[PDB]
Amino acid sequence: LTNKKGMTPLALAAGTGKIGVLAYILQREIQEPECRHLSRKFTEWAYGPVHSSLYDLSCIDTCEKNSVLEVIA
Amino acid sequence: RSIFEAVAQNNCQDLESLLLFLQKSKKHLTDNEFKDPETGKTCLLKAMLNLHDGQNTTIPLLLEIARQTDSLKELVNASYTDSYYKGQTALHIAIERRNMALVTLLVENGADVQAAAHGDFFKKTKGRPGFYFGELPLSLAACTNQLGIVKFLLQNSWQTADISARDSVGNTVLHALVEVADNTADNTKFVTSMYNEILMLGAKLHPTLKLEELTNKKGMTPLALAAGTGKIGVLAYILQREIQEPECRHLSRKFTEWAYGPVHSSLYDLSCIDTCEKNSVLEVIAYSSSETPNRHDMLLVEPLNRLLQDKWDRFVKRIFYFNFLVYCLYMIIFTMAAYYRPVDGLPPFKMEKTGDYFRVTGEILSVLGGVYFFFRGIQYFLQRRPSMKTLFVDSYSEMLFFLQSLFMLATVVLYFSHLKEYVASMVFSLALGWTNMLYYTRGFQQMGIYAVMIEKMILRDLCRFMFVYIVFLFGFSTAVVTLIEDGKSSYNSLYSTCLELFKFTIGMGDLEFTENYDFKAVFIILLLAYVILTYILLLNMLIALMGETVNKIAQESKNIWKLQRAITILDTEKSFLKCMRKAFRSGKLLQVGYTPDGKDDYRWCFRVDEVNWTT
Ligand SMILES: CCCC[N@@+]1(CCCCCN2CCCC[C@H]2C(=O)Nc2c(C)cccc2C)CCCC[C@H]1C(=O)Nc1c(C)cccc1C
């Protein structure tokens with residue numbers, strides 16, 4: 001959801017300079033399977049002691065508008 | 001086909017009808033109709049992966065279903081087929097999922113405990129995802145910290161795994177255990193713990209087997225492998241490994257002699273340590289390429305530092321001093337020969353006075369020393385056979401002595417070709433010669449650390465400062481030359497003006513050196529900008545950065561100096577003539593105790609006397 005600045009909560013946290021909120025949001029991992037789709041950091045396979053992880057790049061990469069990278073830069 | 005789908009939900013209903021269907025068709029679970037065409041995925045494997053709470057109920061039922069088809073011994077030992085996982089076995093999946101009960105269950109049904117999990121995924125390879133563990137269920141249990149499972153796999157009833165079984169690369173369990181460590185806290189903790197555990201287990205099971213001396217395909221014992229790859233924690237544990245159990249006491253590596261009151265005499269075992277052996281830990285660490293991390297730190301562990309210091313204080317200090325003195329005389333003679341060169345005609349020059357005879361003798365000795373250093377550099381480039389990066393990034397002194405020899409040989413070539421230019425070459429060889437005496441600062445602690453810091457500055461700070469300074473100097477020199485009209489010392493050349501603006505840096509610059517322009521204001525503005533940027537800003541900033549660098553490399557310098565002295569000691573011991581090199585083996589031959597079979601355990605041990613005040 002966007003405010004009247006068209007400025008999403010992640011985008012707002014990036015632009016305003018709130019770093020703790022940004023660190024939480026970008027590595028948000030949720031254990032509950034009923035809402036696990038919310039999270040943004042997905043383990044992909046955990047053979048032994050190694051883990052592959054996927055970080056969602058939606059609204060972070062420059063391909064969108066008001067991306068986090070562009071707003072920080 | 002959808003049996004995997006049924007098992008994923010842990011539904012046992014469909015398998016009851018599947019058993020009857022199989023009895024109707026008289027088929028087996030291992031038939032190709034039930035294996036994935038590209039992976040060879042079997043029903044037992046799919047059941048093992050899609051576990052719930054660590055226990056899936058369909059696994060035993062599938063076991064009986066296979067058994068009535070007479071396929072228990074074949075279904076369980078089924079493996080992947082795709083090259084990525086080629087060799088993976090359901091026992092491996094049991095191990096990595098950490099299911100004791102399922103491991104016992106599989107080993108009951110005739111599971112092989114020697115299945116080489118040797119796919120592409122299970123090989124140590126940089127850049128791609130993977131996990132190297134030794135290609136065996138024993139090794140996989142070891143490298144994943146299941147002490148119970150390894151104890152079981154070594155001491156079960158159905159089938160016990162082989163402790164000394166090697167994989168494709170030839171690693172035992174100990175080699176893989178070493179190769180999995182990565183020098184952190186908990187990793188080192190558990191690696192050392194289970195290394196000890198497997199040593200006791202091997203001592204119990206095979207008391208006559210020296211497990212720790214098995215070598216992989218490169219012929220490296222686990223100790224030497226730990227030294228080579230840079231696993232400092234494993235090395236520290238192994239070299240000081242002390243075991244108090246009387247049955248495993250012979251496995252200890254750091255004993256005691258007597259403990260009168262508060263003072264003890266601890267013996268350290270020098271086997272595979274002292275350079276008299278092959279691939280000894282000292283040689284392995286000293287000659288290791290710079291890629292291996294912790295290379296400087298690994299000399300800090302007992303008894304390595306004490307051993308090297310003993311060698312130095314006992315028979316290498318004198319040899320190093322003699323080498324220093326000989327090089328000093330060589331440079332003195334070289335300098336006196338070059339200084340007194342005739343300054344008339346073309347070379348070679350005639351031998352007229354007695355002074356000419358002396359000078360010819362000096363020239364002969366100088367060329368002889370240059371040839372000697374040339375050949376020594378060639379021999380170093382052969383024996384080490386270092387890579388180009390290691391050649392230009394690590395030696396830095398074999399390179400410099402070699403370069404001096406190259407200049408000497410170019411000098412003699414030019415000298416006998418009737419060229420004056422020989423002088424040029426010679427003076428370079430002369431300058432380098434003297435500035436190579438910093439090498440011998442290795443032999444003294446304070447000066448050695450000082451020279452190490454000099455190196456560190458030249459490489460860290462001076463290079464960056466020089467790049468920026470060159471950019472500024474060239475830019476402003478071009479600007480000034482452009483501004484300056486006809487020079488008629490005619491600073492209308494780029495060289496002379498670069499020199500004039502360089503004079504500023506050495507505190508000797510002139511702000512009014514030309515008077516031969518059209519815009520005095522522009523000239524003054526340019527010179528003031530240059531002075532402010534380089535003299536005031538850049539040079540003082542360089543001083544500040546050297547201060548910070550000094551602050552940050554206080555201990556690295558000492559470590560690097562100690563490693564340099566280590567290399568010097570090793571080379572000196574190797575090169576020294578045989579009439580005494582054997583006469584100064586380090587340590588003493590002492591009867592530590594008794595072998596597990598029972599016999600005198602004579603070892604070459606190094607004695608250190610220490611004191612403790614908790615008694
Ligand atoms: C460049 C530093 C080398 C450090 N180095 C060699 C020391 C030799 C003394 C030479 N001087 C030192 C001080 C001034 C520069 C230089 C010099 O002549 N400049 C120069 C030139 C190039 C032309 C004309 C005129 C001059 C003055 C220190 C001792 C060991 C060898 C090596 C070392 O550090 N090697 C090592 C490593 C890296 C990592 C790990 C282990 C090791 C052994």
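Residues numbered from 1 in each chain as written, not as in the entry; some residues may be left out. Chains lettered and ligands numbered in written order. Part of a larger assembly, values for the part shown. Heavy atoms only, no water.

For this coordinate set, the PDB header names cryo-EM as the determination method and states a resolution of 2.87 Å.

Asker: Give me the interface of chain A and chain B: which residues, what numbers.
Answerer: Listed per partner, the contact involves five residues of chain A and eight residues of chain B. For the pair chain A and chain B, the two sides together bury roughly 570 Å², of which 78% comes from carbon and sulfur. For chain A, the biggest contributors to the area lost against chain B are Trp45(A), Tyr47(A) and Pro49(A); these three give 79% of the whole. Connecting chain A to chain B are zero salt bridges. (Contact = heavy atoms within 4.5 Å. Buried area = accessible area lost by both parts, 1.4 Å probe. Salt bridge = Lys/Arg side-chain N within 4 Å of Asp/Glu carboxyl O.)

Asker: Could you give me a rundown of the sheet that holds strand β3 (residues 588-594) of chain B, with the residues and numbers involved?
Answerer: Residue and element names in this part refer to chain B. Strand order in this open sheet of four strands is β1-β2-β4-β3, and the pairing throughout is antiparallel. With partners counted over all chains shown, the strands left at the sheet margins are β1 (254-256) and β3, one partner each. Each strand axis lies, on average, 50° off the axis of its neighbour in the sheet, ignoring direction. By the bridge criterion, seven bridges tie strand β2 (residues 263-269) to strand β4 (residues 600-611) in an arrangement that is antiparallel. Looking at β4, one finds that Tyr268 is bridged to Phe606. (Pairing = 2+ DSSP bridges. Helix = DSSP H or I, 4+ residues; strand = E, 2+ residues; numbered from the N terminus. Axes fitted to C-alpha atoms, helices over the stretch in contact; angles between N-to-C directions.)

Asker: Could you give me a rundown of the pattern of salt bridges, with the residues and numbers involved?
Answerer: Residues and elements named next belong to chain B. Within the structure shown, the criterion is met by 17 salt bridges over all chains. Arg241 serves as the salt-bridge partner of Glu212, at 2.4 Å between the closest nitrogen and oxygen. Highlighted residues: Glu212 in the loop between α11 (185-205) and α12 (222-229) and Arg241 in the loop between α13 (232-239) and β1, separated in sequence by 29 residues. With relative accessibility at 14%, the residue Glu212 sits in the buried group. Across the pair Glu455 and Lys456 runs a salt bridge whose closest N-O atoms are separated by 3.5 Å. Residues joined by salt bridges that share partners form a network here, namely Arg253, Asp269, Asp601 and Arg603. (Buried < 20%, exposed > 50% of the residue type's maximum accessible area, 1.4 Å probe, protein only.)

Asker: For the packing of aromatic side chains, give the residues involved together with the corresponding values.
Answerer: Residues and elements named next belong to chain B. All chains considered together, the criterion is met by 44 aromatic pairs over all chains. Considering the side-chain rings of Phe131 and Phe133, the 5.6 Å spacing of their centres and the 25° angle between planes classify their relative orientation as stacked. In this pair, the class of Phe131 matches that of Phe133, namely buried. The rings of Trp312, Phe320, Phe324, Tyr327, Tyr330, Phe334, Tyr372, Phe373, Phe401, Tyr439 and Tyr440 are connected pair by pair, giving a single aromatic cluster. Taking the ring centre of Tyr287 as reference, the NZ or CZ of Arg384 above it sits at 4.4 Å. A cation sits over an aromatic face here: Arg565 above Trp312, 5.3 Å from the ring centre. (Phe/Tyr/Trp six-rings, centres within 6.5 Å; stacked < 30°, edge-to-face > 60°. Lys NZ or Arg CZ within 6 Å of the ring centre and 35° of its normal.)

Asker: Describe the site of the ligand, and please don't skip the residues or the numbers.
Answerer: Residue and element names in this part refer to chain B. For the ligand, the set of nearby residues contains 15 residues, the closest of which are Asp394, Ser395, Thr435, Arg442 and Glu455. Here an oxygen atom of the ligand sits 3.2 Å away from a polar atom, N or O, in the side chain of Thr435. Here the ligand loses 73% of its free accessible area of 860 Å² to cover by the protein chains. Every element with two or more residues in the shell around the ligand is listed here: α17 (388-395), α19 (422-435) and α20 (445-483). Taken together, the residues of the shell around the ligand sort by class into seven nonpolar, four polar and four charged. (Near = heavy atom within 4 Å. Polar contact = N/O pair within 3.5 Å; in protein donor to acceptor, adjacent residues only side chain to side chain. Areas by Shrake-Rupley, 256 points an atom, 1.4 Å probe, with all protein chains shown as cover. Nonpolar A, V, L, I, M, F, W, Y, C, P; charged D, E, K, R; others polar.)

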